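Quick one: the structure is below, questions incoming.
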Amino acid sequence: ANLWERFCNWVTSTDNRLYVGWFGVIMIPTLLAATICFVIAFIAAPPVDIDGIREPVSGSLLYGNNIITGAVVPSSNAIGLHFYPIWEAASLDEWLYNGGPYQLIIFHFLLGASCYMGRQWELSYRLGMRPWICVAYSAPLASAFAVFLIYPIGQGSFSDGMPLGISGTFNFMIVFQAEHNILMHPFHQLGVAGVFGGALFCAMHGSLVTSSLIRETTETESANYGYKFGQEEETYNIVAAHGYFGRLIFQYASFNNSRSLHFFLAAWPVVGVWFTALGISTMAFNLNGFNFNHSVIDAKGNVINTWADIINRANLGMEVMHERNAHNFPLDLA
Amino acid sequence: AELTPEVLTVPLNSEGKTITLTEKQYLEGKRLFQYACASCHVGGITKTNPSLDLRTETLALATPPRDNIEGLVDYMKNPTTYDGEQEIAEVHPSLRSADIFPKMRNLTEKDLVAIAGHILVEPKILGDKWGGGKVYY
Amino acid sequence: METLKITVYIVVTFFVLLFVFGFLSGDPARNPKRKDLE
Amino acid sequence: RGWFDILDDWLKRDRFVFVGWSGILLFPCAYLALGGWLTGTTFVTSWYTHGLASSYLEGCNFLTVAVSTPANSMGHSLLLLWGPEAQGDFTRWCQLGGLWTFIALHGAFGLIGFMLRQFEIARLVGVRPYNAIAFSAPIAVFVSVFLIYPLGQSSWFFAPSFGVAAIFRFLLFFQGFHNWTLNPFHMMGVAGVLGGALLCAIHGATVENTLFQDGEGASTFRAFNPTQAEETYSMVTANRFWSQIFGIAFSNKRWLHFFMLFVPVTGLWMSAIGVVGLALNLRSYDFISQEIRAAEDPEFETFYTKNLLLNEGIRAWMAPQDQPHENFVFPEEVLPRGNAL
Amino acid sequence: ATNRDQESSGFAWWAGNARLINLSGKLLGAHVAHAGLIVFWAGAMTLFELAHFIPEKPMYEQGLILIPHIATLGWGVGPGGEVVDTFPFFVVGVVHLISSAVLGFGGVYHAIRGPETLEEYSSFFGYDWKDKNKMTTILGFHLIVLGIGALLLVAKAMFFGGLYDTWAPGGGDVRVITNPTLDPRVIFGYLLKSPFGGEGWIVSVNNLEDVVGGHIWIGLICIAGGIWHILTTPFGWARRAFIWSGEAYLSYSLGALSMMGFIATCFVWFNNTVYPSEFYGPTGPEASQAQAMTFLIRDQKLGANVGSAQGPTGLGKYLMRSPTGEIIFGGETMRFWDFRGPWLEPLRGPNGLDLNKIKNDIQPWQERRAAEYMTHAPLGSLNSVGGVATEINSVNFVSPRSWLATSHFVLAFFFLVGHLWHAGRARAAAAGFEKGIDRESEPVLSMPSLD
Amino acid sequence: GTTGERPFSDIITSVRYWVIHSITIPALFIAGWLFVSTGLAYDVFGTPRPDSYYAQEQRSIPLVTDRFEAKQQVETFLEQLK
Ligand code: CLA
Ligand code: CLA
Ligand code: CLA
Ligand code: CLA
Ligand code: CLA
Ligand SMILES: CCCCCCCCCCCCCCCC(=O)OC[C@H](COP(=O)(O)OC[C@@H](O)CO)OC(=O)CCCCCCCCCCCCCCC
Ligand SMILES: CC1=C(/C=C/C(C)=C/C=C/C(C)=C/C=C/C=C(C)/C=C/C=C(C)/C=C/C2=C(C)CCCC2(C)C)C(C)(C)CCC1
Ligand SMILES: CC1=C(/C=C/C(C)=C/C=C/C(C)=C/C=C/C=C(C)/C=C/C=C(C)/C=C/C2=C(C)CCCC2(C)C)C(C)(C)CCC1
Ligand SMILES: CC1=C(/C=C/C(C)=C/C=C/C(C)=C/C=C/C=C(C)/C=C/C=C(C)/C=C/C2=C(C)CCCC2(C)C)C(C)(C)CCC1
Ligand SMILES: CCCCCCCCCCCCO[C@@H]1O[C@H](CO)[C@@H](O[C@H]2O[C@H](CO)[C@@H](O)[C@H](O)[C@H]2O)[C@H](O)[C@H]1O
Ligand SMILES: CCCCCCCCCCCCCCCCCC(=O)O
Ligand code: OEX
Ligand SMILES: [Cl-]
Ligand SMILES: [Cl-]
Ligand SMILES: [Fe+2]
């Protein structure tokens, strides 16, 4: 075989301990770059002027943070949506001051994660499986796109992307609630349904299978040794599991079909997370959660407060305090 | 509480004479205020110039006094700066600038009276909320 | 900085070309069941 | 047969809705909790306890209705209908918030009844009790949040009110006053919930995409028979796929499904422990080293300090209306505010 | 009832439309009926908008999305975007509606009463998904049609009335385009531009000359490519590159449409040339810049020296420098310094915003426009309460830009999911394992262990 | 397997079921409607009417402030409405 033929055979080989594939040829370098830059920046990067007002925020461990407070800080509001690679800076010192590592990391990560999804498809094809695991992965990936790219595009600045850190994530969430009332947005409510229900159904399915395990071991041995990798027969009694759950609620509220059951397990959380990703990606264009502020009024015209008005008071506190030195005019329009 | 005639009674001119708006008048005034004015004056504040609001006291101290129906109608026909020194129809909605502020084109004398009545009544209902801004939401 | 920019352009072009020509090199036939997909 | 045995027979008859001995506790209590919620959200006000409208009859919508907690002056009173507060007056009871304790108590006992139902049915049909065991997490969450937390605070008033928007207010109150997001027990709870959703999705999708072809239909659901003995999907192929994609993969189905039980249950339990702490204001609010540094160095700033400023704003701007019994009057000049907003 | 059940088709009811993959007559009926749906919505929605239209009020205060499209084409509007005649709007609605009736009749006929498969009745209209030559012939036909559509836009711009030009000297007006840009350097440099800030890829097209020249090129290229695909058949490298089946073709189109939806989202959010602000309202950047301008005007009128006003952070309160030195508005709106608009460009000189012009030449119409845009920024709630989330009820407003951007991002994303679904399934079905793993020939069992 | 109750589909597709329920369902719906439109719900649950949240010149909420006098405090607030 010619050199290119041999290289293609190696790239697409199903015998490699980790599959490479053509998506992997892009994924590996980009994810390595993103990872190396993230680790170095998280440990050692100097403070970054996130809001473009010459007030650098310290994100790295060596500059006074711990694991909970540390972060790779988003790029400066002075940069907006401008592309800021290393070679666009006069020096690495300037690049760091303006928060270039954030752009490098998130761009390489988004590209690499897209390729990760494609790689899931590709390996399924090589192994003769059905192809839709990548479709399941599209939900979290869409969420990453929403918080790292779409929201910055809509708001006009990568400085409004989610910071790469724990407390930074909390800051992003609180400001988002102040400016969009995400809690009152149906898509985030669907996301909560998705994740609460995903956890619920995870526990339910695990508990039902575990409760219907067939006896193959003694009390001194872990029941897990009752299953042998690759055995032909099923290891639990789905008929008994259905008898139990159908009597727990009622017969027709319980799956007797394992394929239907596992499809439901896949579908519930995946759809919920799709919708929550769309919630972030649409509030990116300032279509916000429901606003019932002062919706209830009495005969004279007095405002009768509701829990929504209480929420509004909390949101006002957040709004007036966030980015305390950045606003010069009365309205926060982005 | 109720929207009573006492609440709906407001000053009519500068001499102390008062008028009693009807409930239909007050509701029409609220609707027209939302239609033509709330984009800048939601809740009695002024978005494009927060230093000036629609509180009755502020109107009373304006020159000429604007804390009465006739004063407010005259303002809507020929607006002026707070001290009355400059006419600002070129940058503020009014009948004389209805060509550049189209929403004012079809307003009638009764409509203007209704809007003024709404401006005067609403603080009697809401108190500090009117012209108070986000602090009082 | 110019050297860095040129180096990055060359590297990215290398990997992208690998992607494109690899997927052009008869990818549909690389499966365990049926090869002649045209 | 004795009357006890005859009653056992009738209770354990096989019928459309199983009753059981646990049913005697579960059904009245669950019905009363649910019916109380619907009744309160439809017809009952919160005017005398919170200064709020909270029912469809007052003009609220599904997002804003609630059965709100009793007034702070009630302390931790059980607020029984025949108790010394309402004194058997149903209308006054409703106006004083007796529906909140009514719902909370009948709901707690309903949860007890439902778990007993899990045990009873498992015993009757001959399966292991792990569904009942897993249900302990919802019960721990409910107890910690709706009973222990208010019992540690000044009164039932600060428990969550039973409503959508009321729960949202609970979230924001916990952020503003407790810095709840900074609490490692909530963090473990978040890991448990999100990881449970991840496991649910990934396992469902893996099964559906490693199915064996057991029929000719393009819709693959009809190719499964509940009484069949063979596995419906290829564990070997799934293991190979995930080993090559992610590096590691399950190889033991029993461990896989136990792990699915373990993750969300453990996460919820950890969150409950955190809330027990918050019942005493025992918060993870601050990092002392960062506070010392920031106090001494006005150029030191982190996302932690930024979030603290946000919390101060929340407290100042929401307390006067959210805690009406305090009679807070915060003059405008004392409210924390950034420039121009 | 040929193939109308799971037993005979292999597909469940919830996937019933897959039963049509090889029934070309019923599939043609389905497509014609759906096209009737599209045209019917256009007509009915346009008539609804017209019936609810208040001509005096700006379009963007009234929840309109189709009337702005008609107005941008130069129909019904005059200087500044004022509406002078609504009959063109009414005509558009009525004609699309009647056409929808016709399309519905045709689709119902082909789907219910006409021949189930077209192969026997005619070889010109009948097709086999694996017949690459015939597939490319149909593709070429539709390419020619699309090119004609682009040239129809060109004709409207050049010979029948022109287009609404927000950049026209005098304050926006309908203008006949007479010098379209045919310079390929310009037309395709647009395609080569970076999509990032201050560049904007094709979303940055800022003049109707470039628009019309681009569509001339698109029409000609489409006609030539359609002739090409009518006269040729795919080359060997393509034959070896693609999957050749109906589901594969559908998947390719899903990917293309997803891309187009994302691009449209950006177009409507950022571009104020082919989406004039007179009709669609200000862009987000435009409204933020407008707030800056408004308060500069107010404070300067009060006597402030805006060029020298130092803000709390040390940056200029009203004016500062961009990272490349241009003079720009200060405050958070520093991120939007790439914004360009007719109400603002008169104040810009070679180095950016010019202090002398700001001091001396701001006109009342500029002041009014800045106030208007600042107060109609695209922010609002799902129940259409205008303003920031903490605003009280009073103003009933959500911007058309927000509605359109959100809707089409949702559509683009779900169509990406569709591309992935149908492309993966097409590959699996072509290879023969879309129904699952063969128990007696499980591929993994014949592979060496990883370790 | 089924537990012996009549199938729901059989019940809801039967003439007798709808003979009964075409009467019962409208009667209950009208009962609720009238419960509201006659004002009995306000009296039963103690819910303020739109004109009963405040006295004419009042702007302070009638909050209960004493545990064992709360009933009398509410009654005093109601009287002050008059
Ligand atoms: C299993 C069912 C069940 C359970 C566990 C509860 C539990 C509860 N209910 Mg709910 N309730 C139920 C059914 C149930 N209820 C039903 C069916 C109704 C509708 C009729 C109600 C209506 C209702 C209302 C209206 C109220 C409650 C309340 C309460 C709480 C206080 C109960 C209490 O103090 O009782 C104490 C009683 C006992 C412990 C019974 C003891 C029995 C012994 C044998 C008596 C022995 C001595 C006695 C004198 C016998 C004399 C014999 C001889 C001399 C003749 C508690 C959470 C209150 C509440 O929620 O407050 C907020 C409240 O106001 N319940
Ligand atoms: C040009 C677009 C297009 C076309 C022609 C097709 C065509 C097809 N698809 Mg694909 N699909 C598309 C886009 C498209 N799809 C997109 C964008 C997605 C991502 C969501 C999918 C996801 C998808 C899946 C997952 C599957 C198909 C399948 C199929 C086949 C059967 C479809 C059927 O019977 O539906 C029947 C229609 C329904 C059951 C109704 C669905 C209603 C949706 C979910 C809700 C719509 C809500 C509406 C917009 C707003 C409601 C308002 C309300 C809330 C008030 C058929 C070949 C099936 C297949 O593989 O067959 C081979 C299959 O399993 N499609
Ligand atoms: C745009 C949406 C759309 C369109 C155009 C079609 C079109 C079609 N479907 Mg699909 N389908 C859809 C959505 C759609 N479907 C959805 C959402 C689902 C999920 C519920 C399905 C599920 C489904 C299944 C399960 C099957 C089809 C089948 C079919 C085909 C035969 C239908 C038939 O026998 O009708 C018979 C129905 C009737 C005779 C009743 C009357 C129908 C007419 C057309 C109503 C028209 C009313 C209209 C107002 C008339 C205007 C006339 C005026 C202009 C003069 C047809 C081409 C079948 C197929 O492929 O067969 C090979 C099939 O088995 N579809
Ligand atoms: C793309 C859509 C489309 C396609 C491919 C077909 C294709 C076909 N149809 Mg169907 N048909 C359609 C739409 C379509 N039709 C519509 C919308 C209607 C409702 C009016 C009908 C009503 C219809 C009937 C009643 C019959 C057919 C028949 C036929 C067959 C013979 C047609 C022939 O010889 O043409 C002859 C060509 C012409 C008459 C000239 C057509 C040119 C038109 C009038 C103007 C120029 C085209 C232009 C692009 C239209 C732009 C419209 C745009 C706004 C969408 C053929 C398989 C016949 C059949 O099945 O026989 C068994 C048959 O009896 N069709
Ligand atoms: C609806 C539009 C359409 C579609 C679906 C097709 C489809 C096809 N054409 Mg046709 N073509 C069209 C319009 C279209 N054509 C037009 C308008 C023209 C006139 C210019 C042509 C001229 C044309 C020629 C001259 C040839 C084809 C060929 C082909 C086949 C191979 C296509 C291919 O490999 O693409 C995939 C493209 C590539 C592999 C090369 C470019 C890939 C780069 C790397 C992607 C770049 C993406 C970019 C960087 C990301 C952002 C996108 C942004 C720039 C917009 C296929 C059947 C070939 C064939 O076999 O025909 C006989 C052929 O030789 N086409
Ligand atoms: C076989 C099902 C496999 C698919 C899995 C289902 C997905 C999940 C669906 C869940 C909701 C079920 C929708 C019905 C799915 C379905 O198949 O419906 C059909 C089902 C049975 O219908 P028929 O009686 O027509 O049955 C025909 C039979 O002859 C055989 O089908 O109807 C019901 O069960 C609905 C009755 C509502 C019963 C309300 C009773 C309220 C009692 C309240 C007390 C509750 C017990 C409390 C426990 C503490
Ligand atoms: C508290 C109390 C009590 C009890 C009571 C009760 C028990 C009640 C109940 C009640 C109830 C029991 C009620 C109910 C109601 C219901 C309702 C109100 C419903 C609603 C519904 C809805 C609205 C829905 C909707 C929907 C949708 C949206 C979609 C899908 C479909 C559906 C239909 C689901 C007593 C007497 C002891 C006395 C004391 C107190
Ligand atoms: C196949 C099928 C389907 C589908 C179907 C379709 C989709 C259809 C369509 C259809 C259509 C699409 C239709 C259309 C129609 C139309 C019409 C019928 C029209 C009419 C019009 C008129 C009559 C007008 C009038 C007027 C005027 C002229 C003026 C103004 C006023 C007015 C409006 C009055 C389905 C899904 C069911 C399923 C089964 C199968
Ligand atoms: C109109 C207008 C204009 C123009 C435009 C133009 C001129 C356009 C063009 C456009 C174009 C000219 C486009 C193109 C596109 C392309 C694409 C989008 C492609 C794709 C490809 C693919 C998809 C591939 C795939 C693959 C690979 C890569 C590997 C192997 C395998 C396969 C084959 C699968 C302007 C801006 C001036 C202005 C405004 C208006
Ligand atoms: C930047 C632009 C890049 C894309 C430009 C468009 C290119 C389109 C024309 C290029 C044609 C490539 O042509 C394609 O070459 C590959 C690689 O040799 C051939 O591939 C074939 O031989 C190679 C050996 O080299 C084997 O590994 C492979 O299994 C086999 O299919 C394809 O059979 C042929 O179809
Ligand atoms: C464990 C089972 C508990 C069941 C409790 C049922 C409660 C039913 C109470 C209904 C009557 C309430 C008494 C009303 C009069 C009391 C007035 C008073 O003297 O204080
Ligand atoms: O950077 Mn971040 O956060 Ca979005 O809104 Mn405006 O810009 Mn700022 O203020 Mn609020
Ligand atoms: Cl902040
Ligand atoms: Cl600002
Ligand atoms: Fe499982």
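We name chains A, B, ... by the order of the sequence lines, and we start the count at 1 in each one. Values below: all heavy atoms of this structure, side chains included; hydrogens, waters and symmetry mates excluded.
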**Message:** Between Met260(E) and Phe415(E), is there a side-chain heavy-atom distance shorter than 4.5 Å?
**Reply:**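 No; the side chains remain at least 4.5 Å from each other.
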
**Message:** A quick test of your reading: do over 12 heavy atoms of other residues, nucleotides or ligands sit less than 6.0 Å from CZ of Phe246(D)?
**Reply:**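 Atom CZ in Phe246(D) is not crowded, with 12 or fewer foreign heavy atoms closer than 6.0 Å.
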
**Request:** Please report the closest heavy-atom contact between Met27(A) and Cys115(A), naming both atoms and the distance.
**Result:**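 It is CB-CB, 3.7 Å.
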
**Message:** Apply side chain to side chain contact (heavy atoms under 4.5 Å, CB included) to residues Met135(E) and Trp129(E) and explain how you reach the verdict.
**Reply:** CA-CA 7 Å; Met135(E) 291 294 106; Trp129(E) 292 114; 3.8 Å; yes

**Item:** Validation row: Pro443(E), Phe433(E) side chains within 4.5 angstrom (heavy atoms)
**Value:**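 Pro443(E) does not reach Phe433(E) side chain to side chain.
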
**Asked** Which heavy atom of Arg119(A) sits nearest a heavy atom of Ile245(D), and at what distance?
**Response**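 That would be NH1-O, 3.0 Å.
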
**Request:** Could you walk me through whether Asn9(A) and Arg30(C) pass side chain to side chain donor-acceptor pair (under 3.5 Å), step by step?
**Result:** CA-CA 9 Å; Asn9(A) 284 337; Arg30(C) 300 181 193 273; 3.2 Å; yes

**Prompt:** Hey, what's the ring geometry for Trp121(A) with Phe23(C), parallel, tilted or perpendicular (30° and 60° as the breaks)?
**Reply:**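 Correct class here is tilted.
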
**Donor-acceptor contact present, side-chain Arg130(A) to main-chain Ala428(E), <3.5 Å** =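 No.
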
**From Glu122(A) atom CD to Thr12(A) atom OG1, the distance as rounded to the nearest 0.5 Å** =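 The distance works out to 7.5 Å.
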
**Request:** Specify the closest pair of heavy atoms between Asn16(A) and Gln244(D), including all atoms of both residues, with the distance to one decimal.
**Result:**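 Taking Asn16(A) first and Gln244(D) second, the nearest heavy atoms are O-NE2, 2.9 Å.
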
**Item:** Contact summary for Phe413(E) and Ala142(A), nearest pair of heavy atoms
**Value:**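 Closest pair (atom of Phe413(E), atom of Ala142(A), distance): CE1-CB, 3.3 Å.
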
**Message:** Please report the interatomic distance NE2(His203(D)) to CD(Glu208(D)), rounded to the nearest 0.5 Å.
**Reply:**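 Atom-to-atom, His203(D):NE2 and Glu208(D):CD are 10.0 Å apart.
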
**Request:** Could you tell me whether the side chain of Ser251(E) and the main chain of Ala248(E) form a donor-acceptor pair under 3.5 Å?
**Result:**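 Yes, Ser251(E) side chain to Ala248(E) backbone: donor-acceptor pair under 3.5 Å.
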
**Atom pair CH2 (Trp268(A)) and SG (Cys200(D)), whose distance is rounded to the nearest 0.5 Å** =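 Between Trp268(A) CH2 and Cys200(D) SG, I get 10.5 Å after rounding to 0.5 Å.
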
**Request:** Could you check if a side-chain atom of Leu127(A) sits within less than 4.5 angstrom of a side-chain atom of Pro32(C), using non-hydrogen atoms only?
**Result:**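 Heavy-atom side-chain distance check fails, nothing below 4.5 Å.
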
**Asked** Under 4.5 Å between any side-chain heavy atoms of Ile10(C) and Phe14(C), yes or no?
**Response**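 A side-chain contact under 4.5 Å is absent here.
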
**Request:** Measure the acute angle between the ring planes of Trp244(E) and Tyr249(E), then classify it against the limits of 30° and 60° as parallel, tilted or perpendicular.
**Result:**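 Answer is perpendicular, since the angle exceeds 60°.
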
**Request:** May I ask you to decide if the ring planes of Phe255(A) and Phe264(A) are parallel, tilted or perpendicular, using 30° and 60° as cut-offs?
**Result:**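 It falls in the tilted class, 30° to 60°.
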
**Item:** Check: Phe221(D) main-chain N/O paired with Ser219(D) side-chain donor or acceptor under 3.5 Å
**Value:**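 No, because the side chain of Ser219(D) does not come within donor-acceptor range (under 3.5 Å) of the backbone of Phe221(D).
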
**Item:** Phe242(E)/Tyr252(E) aromatic ring centres below 6.0 Å
**Value:**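 Yes, close enough.
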
**Message:** Using side-chain heavy atoms (C-beta onward) and a distance below 4.5 Å, is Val25(A) in contact with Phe15(C)?
**Reply:**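 Yes, close enough: below the 4.5 Å cut-off.
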
**Request:** Identify the heavy atoms of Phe124(E) and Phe141(E) that sit nearest to each other, and give their distance.
**Result:**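 Heavy-atom minimum between the residues: CZ-CE1, 4.2 Å.
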
**Message:** Minimum heavy-atom separation for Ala430(E) and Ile243(E), please, with both atom names.
**Reply:**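 Smallest heavy-atom distance, with atoms named: CB-CG2, 4.0 Å.
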
**Prompt:** Quick one: does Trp242(D)'s side chain get under 4.5 Å of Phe250(D)'s, heavy atoms only?
**Reply:**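 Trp242(D) does not reach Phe250(D) side chain to side chain.
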
**Message:** Taking the cut-offs as 6.0 angstrom to the six-membered ring centre and 45 degrees off its axis, would you call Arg19(E) and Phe11(E) a cation-pi pair?
**Reply:**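 No, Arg19(E) does not lie over the aromatic ring of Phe11(E).
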
**Audit row: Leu123(A), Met129(A), side chain to side chain contact (heavy atoms under 4.5 Å, CB included) steps and yes/no** = CA-CA 9 Å; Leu123(A) 178 56; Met129(A) 299 163 43; over 6 Å; no

**Asked** Should we count CD of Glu232(A) as having more than 12 external heavy atoms under 6.0 Å?
**Response**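 No.
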
**Request:** Could you tell me the separation between the NZ atom of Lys228(A) and the CD atom of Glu233(A), rounded to the nearest 0.5 Å?
**Result:**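 One finds 9.0 Å between NZ of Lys228(A) and CD of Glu233(A).
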
**Message:** Do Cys8(A) and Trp22(A) have side chains that approach each other closer than 4.5 Å (heavy atoms only, starting at C-beta)?
**Reply:**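 They are in contact (side-chain heavy atoms under 4.5 Å apart), so the answer is yes.
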
**Message:** Checking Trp228(E) against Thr136(E): is there a side-chain donor and acceptor pair closer than 3.5 Å?
**Reply:**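 Their side chains do not contain a donor-acceptor pair, so the 3.5 Å distance test is not met.
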
**Request:** Could you check whether the rings of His205(A) and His262(A) sit parallel, tilted or perpendicular, using 30° and 60° as the cut-offs?
**Result:**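 Perpendicular, since the angle between the ring planes exceeds 60°.
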
**Message:** Donor-acceptor check, side chain of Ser258(E) to backbone of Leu254(E), threshold 3.5 angstrom: yes or no?
**Reply:**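 No, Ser258(E) side chain to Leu254(E) backbone: no donor-acceptor pair under 3.5 Å.
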
**Prompt:** Do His242(A) and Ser254(A) meet the criterion of a side-chain donor-acceptor pair at a distance under 3.5 Å?
**Reply:**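 Side chains of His242(A) and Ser254(A): pair found under 3.5 Å.
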
**Request:** Starting at CG of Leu31(A), measure out to CZ of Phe109(A) and round the result to the nearest 0.5 Å.
**Result:**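 Here the rounded value is 7.5 Å.
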
**Message:** Could you walk me through whether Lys253(D) and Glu231(D) satisfy the salt bridge (charged side-chain N to carboxylate O under 4.0 Å, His left out) test, starting with their C-alpha distance in whole Å, then the side-chain angles of each, then the deciding distance to 0.1 Å, before giving a yes or no?
**Reply:** CA-CA 11 Å; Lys253(D) 290 188 57 163; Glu231(D) 63 172 357; 5.1 Å; no

**Message:** Assess the residue pair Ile133(A) and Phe241(D) against the criterion (side chain to side chain contact (heavy atoms under 4.5 Å, CB included)); give the C-alpha distance rounded to whole Å, side-chain angles, the decisive distance to 0.1 Å, and a yes or no.
**Reply:** CA-CA 10 Å; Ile133(A) 289 176; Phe241(D) 175 89; 3.9 Å; yes

**Prompt:** Is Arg439(E) paired with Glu230(D) through a side-chain N to carboxylate O contact shorter than 4.0 Å?
**Reply:**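 No salt bridge links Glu230(D) with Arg439(E).
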
**Student check: side-chain heavy atoms of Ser24(E) and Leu28(E) closer than 4.5 Å** =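 Heavy-atom side-chain distance check fails, nothing below 4.5 Å.
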
**Request:** May I ask you to establish whether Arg427(E) and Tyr125(A) are in a cation-pi arrangement, using a distance under 6.0 Å from NZ or CZ to the six-membered ring centre and at most 45° from the ring axis?
**Result:**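 Yes, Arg427(E) sits over the ring of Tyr125(A).
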
**Prompt:** Nearest 0.5 Å, what's the OG-OH distance between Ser114(A) and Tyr137(A)?
**Reply:**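 Nearest 0.5 Å value for the OG-OH distance: 8.0 Å.
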
**Asked** Counting only heavy atoms not in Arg17(A), do more than 12 fall under 6.0 Å of its CZ?
**Response**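 More than 12 within 6.0 Å, yes.
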
**Donor-acceptor contact present, side-chain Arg240(E) to main-chain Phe235(E), <3.5 Å** =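 Judged by distance alone, no pair lies under 3.5 Å.
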
**side chain to side chain contact (heavy atoms under 4.5 Å, CB included) assessment of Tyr233(D) paired with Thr206(D)** = CA-CA 9 Å; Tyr233(D) 66 97; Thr206(D) 297; 5.8 Å; no

**Prompt:** Counting only N and O atoms by type, is there a donor-acceptor contact under 3.5 Å from the side chain of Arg425(E) to the main-chain atoms of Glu434(E)?
**Reply:**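 Pair absent, no side-chain N/O of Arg425(E) close to backbone of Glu434(E).
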
**Asked** Under 3.5 Å, side chain of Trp421(E) to main-chain N/O of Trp132(A), donor-acceptor pair present?
**Response**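 No.
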
**Request:** Under the side chain to side chain donor-acceptor pair (under 3.5 Å) rule, what do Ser441(E) and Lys33(C) come out as? Steps first, then yes or no, please.
**Result:** CA-CA 9 Å; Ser441(E) 63; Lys33(C) 286 295 165 174; 2.5 Å; yes

**Ion pair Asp27(C)/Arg126(A), N-O distance below 4.0 Å** =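 A salt bridge is present here (some side-chain N lies under 4.0 Å from a carboxylate O).
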
**Item:** Short side-chain to backbone donor-acceptor contact, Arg222(D) and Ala12(E), under 3.5 Å
**Value:**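 No, the answer is negative, given that no donor and acceptor are paired below the 3.5 Å cut-off.
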
**Prompt:** So, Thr210(D) side chain and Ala238(D) main chain: donor-acceptor pair closer than 3.5 Å or not?
**Reply:**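 It does not hold such a pair.
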
**Request:** Give a yes or no on whether the backbone of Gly272(A) and the side-chain of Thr276(A) come within a donor-acceptor separation of less than 3.5 Å.
**Result:**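 Looks like no, no N/O pair under 3.5 Å.
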
